[PDB]
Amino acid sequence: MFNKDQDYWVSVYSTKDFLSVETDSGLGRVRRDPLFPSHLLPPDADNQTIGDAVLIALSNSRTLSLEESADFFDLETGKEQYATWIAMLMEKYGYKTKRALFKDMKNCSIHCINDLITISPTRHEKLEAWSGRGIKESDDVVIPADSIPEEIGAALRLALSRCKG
């Protein structure tokens, strides 16, 4: 169950070899939450499995207190965790180079607030960068938060098909 007026955030990263559903946390600004391992799914995961992963990952999304915020957005910690995420993906899927991993990688964001799940496609800009550039509001995919997990999965697949670059 999601709390009223509370934001819950997830990032999705997709390649030919994996579909990763990740809890994001923060305070206005959000990022990959190091307390929660990525949900790493087979690239051919069905919609039920994807939807249940999305629901769990969203539920874990934290809204931090003032004190938690300072430690959480620490620059050097962030760098370490980010590069560690890349290393983990490379070692787990046998990517020999960063280019091999990021070349075709798609990114969608997932937001849940007040019984609405919004999934937003992105444009792949640089090797490790995505933007909202060229992405219309109407490119989002919206479903209710109490949707069956199959519907959430289908919604994420549609958003992934709307990614560009």
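From 1 onward, residues are counted along the sequence shown.
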Stretch with the higher entry mean CA B-factor, where the candidates are 94-102 and 48-56: 94-102
Which of the two stretches, 119-127 or 57-65, shows the higher mean Cα temperature factor in the record? 119-127
From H111, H39, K136, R29, which pick has the Cα B-factor that tops the rest in the entry? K136
Sorting the chain's modelled residues by C-alpha B-factor and splitting them into thirds places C163 in the middle
Please say which third, lowest, middle or highest, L19 falls into when its CA temperature factor is compared across its chain. lowest
Among the modelled residues of this chain, does the Cα B factor of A145 put it in the lowest, middle or highest third? highest
Lowest, middle or highest third: where is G132 by Cα B-factor in its chain? highest
